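Engineer:
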Amino acid sequence: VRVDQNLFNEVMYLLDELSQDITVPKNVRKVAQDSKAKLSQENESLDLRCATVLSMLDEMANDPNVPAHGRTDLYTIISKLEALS
């Protein structure tokens, strides 16, 4: 319980921060927006929500327009989702 909810809480906070971060590209903010909505789709299985979000964030982490600090922010979130999955 605790271990998964602390990871989930951190992922939501970090995605919210990323969505508001003017130092990463528009498309990264939008993916962060869509990710946090997907994780909030309380009618769908968590493992499933996480898989879709992991796919979305991985795509962004591989976009060469993303600045180094934004890539690390993406990897931090990915790393918590893979621990939660």
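In my numbering, the protein residues as written are 166 to 250. Ideal placement from N, C-alpha and C gives every residue a C-beta, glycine not left out.
(1) Who are the near neighbours of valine 218 in its chain, counting only those whose CB is closer than 8 Å to its CB and skipping five residues on each side?
(2) Considering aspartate 199, what are the terminal residues of the alpha helix (DSSP H) in which it resides?
(3) Does the pairing of the segment 228-243 with the segment 178-198 give three or more beta-carbon distances under 8 Å?
(4) Closer than 8 Å by C-beta to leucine 249: which residues in its own chain qualify, once you throw out the five before and the five after it? Chain order, please.
(5) Short check: CB of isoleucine 243 to CB of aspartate 228, under 8 Å?
Structural biologist: This is what the structure gives:
(1) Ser200, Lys203, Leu204 and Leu246
(2) 191-204
(3) Yes: the two stretches touch, three or more of their Cβ pairs being nearer than 8 Å.
(4) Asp169, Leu172, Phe173, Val176, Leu211 and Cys215
(5) Not a contact, by the Cβ cut-off of 8 Å.
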